[PDB]
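Peer 1: PDB entry and its sequence, pasted below:
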Amino acid sequence: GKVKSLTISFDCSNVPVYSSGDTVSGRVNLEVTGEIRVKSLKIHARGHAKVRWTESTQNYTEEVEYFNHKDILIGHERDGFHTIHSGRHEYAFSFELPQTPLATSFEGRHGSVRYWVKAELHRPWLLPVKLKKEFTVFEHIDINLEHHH
């Protein structure tokens with residue numbers, strides 16, 4: 001069998017922008033011909049900030065992780081032998097972002113803030129296939145409140 005395509009998509013028009021408290025939902029999309037044996041399909045979602053600065057002249061950098069979510073969508077972490085059959089497969093995933101403040105996605109001279117989901121397809125006697133896809137976070141969008149009578 002052969003993996004013909006492996007992609008990540010985010011469920012939503014515009015591309016979804018996320019913020020504190022939001023659920024990020026998406027899928028790992030896999031197209032296969034024939035059959036393939038897999039150990040696991042894993043996802044790893046992460047948000048982090050990295051910054052750079054100079055001091056009289058020794059250069060420094062600092063990193064902070066905002067969250068780190070891991071999930072096994074197929075198989076088992078041990079290194080299961082699940083079989084993916086001919087056709088198209090969309091493996092759903094979802095996770096919730098922290099409710100506390102999250103820095104806006106950013107790339108600049110002095111540093112960056114990045115959020116992403118990484119998918120890993122692990123197969124017997126083969127190197128993992130790894131794919132990353134960024135998603136955009138805004139610190140401030142629209143705070144939804146509810147009122148009751």
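Peer 2: In hand now; what should we look at? Numbering: from 1, shown residues only.

Peer 1: Show me where the chain has its strands.
Peer 2: 2-10, 17-18, 23-33, 36-38, 40-55, 58-75, 82-84, 87-96, 106-107, 111-122, 129-134, 136-137 (DSSP state E).

Peer 1: Just want the angle from the third one to strand 111-122.
Peer 2: Relative orientation of strand 23-33 versus strand 111-122 (axes from the mean of the first three to the mean of the last three CA atoms, to 10 degrees): 40 degrees.

Peer 1: which residues does the residue most central in space within the chain bridge with?
Peer 2: Note on the chain: the residue nearest the mean C-alpha position is residue 117, at 0.9 Å, using CA atoms, centre = their mean. On the basis of DSSP bridges, residue 117 is bridged to residue 45, residue 133.

Peer 1: so it makes contact with residue 135?
Peer 2: Yes. Under the criterion of CB atoms under 8 Å, residue 117 makes contact with residue 135 at 6.9 Å. Quick note: C-beta positions are derived from backbone N, CA and C, even for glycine.

Peer 1: Mutual contacts of these two, please.
Peer 2: Both residue 117 and residue 135 are contacted by residue 24, under the criterion CB atoms under 8 Å, 6 or more residues apart in numbering.

Peer 1: quick one on the thing from earlier: could you tell me which residues make contact with the residue nearest to the centre of the chain?
Peer 2: Contacts of residue 117 (CB under 8 Å, 6+ apart): 8, 24, 26, 43, 44, 45, 93, 132, 133, 135.

Peer 1: again, only using 10 Å
Peer 2: 8, 10, 24, 26, 28, 43-46, 69, 71, 93, 95, 131-135 (CB atoms under 10 Å, 6 or more residues apart in numbering).

Peer 1: go on, residue 132?
Peer 2: By CB under 10 Å, 6+ apart, the contact set of residue 132 is 8, 44, 46, 114, 116, 117, 118, 119, 120.
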